[PDB]
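Enquirer: structure for the following, please:
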Amino acid sequence: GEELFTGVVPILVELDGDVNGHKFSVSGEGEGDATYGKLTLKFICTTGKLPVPXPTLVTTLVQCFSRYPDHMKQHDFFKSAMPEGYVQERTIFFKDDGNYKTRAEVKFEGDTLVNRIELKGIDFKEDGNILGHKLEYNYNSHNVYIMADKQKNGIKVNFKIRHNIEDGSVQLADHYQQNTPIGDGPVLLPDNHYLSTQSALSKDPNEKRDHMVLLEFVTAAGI
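Expert: Numbering: from 1, shown residues only. This is the structure:
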């Protein structure tokens, strides 16, 4: 998998979500650079307008592009499972509100990294920060903690996302993630470490559709 990321790799993202009955689809395109954990993506709601705070989909919308220092390469599970891919399941918990159930599939298609996602949101309040749309358009920095799951030959990742509300308060998004290999080949079970992340959200001056230009950097550390 490492030899497949020594450069820039095209990325396609397909999302299918149903939050509180509200259906929608997101399509994203971009390129990632694992040499510097750099991600360049543009997303577009193809079903029209998005029903929830578009920023609540970042974590859901390519962790194999993280940059792993030369002394930690033996803990890169995301690339160890390539090109066959790996499955990423996750439950996001929003404080005092609903949650997201996701089942995505990361893999290669010819030479394009593809992330096919399924989303399902339930129990979301009508006037809360999510369906009420009170979240500010800006992301923060968070530490992604990762630990091995030898019994499943996969990984357990758990972190917290903090969303800025426009009244100045914060919104917690507890993330519980789990990953497993899609093939039968060997993957690398890592030591406990964590990925450092920072993202920048912005808009396209010439885009009339719902969208999200995003820049992100991710580096592994903790050892």
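
Enquirer: use CA for all of it now, contacts and neighbours both
Expert: Fine.

Enquirer: correct me, but residue 82 touches residue 109?
Expert: No. With contact defined as C-alpha atoms under 8 Å, residue 82 does not count as touching residue 109 (11.0 Å).

Enquirer: tell me the secondary structure for residue 79?
Expert: Here residue 79 is recorded as helix under DSSP: H, G, I helix; E, B strand; the rest coil.

Enquirer: wait, it sits on residue 1?
Expert: Yes. Residue 79 is within contact range of residue 1, at 4.7 Å (criterion: C-alpha under 8 Å).

Enquirer: who has more neighbours, residue 82 and residue 109?
Expert: When residue 82 and residue 109 are compared for neighbours, residue 82 comes out ahead with 24 against 13, by other C-alpha atoms under 10 Å.

Enquirer: the more buried one: what's it in contact with?
Expert: Shown in contact with residue 82 (C-alpha atoms under 8 Å, 6 or more residues apart in numbering): 1, 107, 108.

Enquirer: same question, residue 158
Expert: Contacts of residue 158 by C-alpha under 8 Å, 6+ apart are 144, 145, 146, 174, 175, 176, 177.

Enquirer: try it again with 6 Å
Expert: 145, 175, 176, 177 (C-alpha atoms under 6 Å, 6 or more residues apart in numbering).

Enquirer: sort out which one of those lies nearest residue 88 for me.
Expert: Nearest to residue 88 out of the contacts of residue 158 is residue 177 (C-alpha to C-alpha; 7.0 Å).
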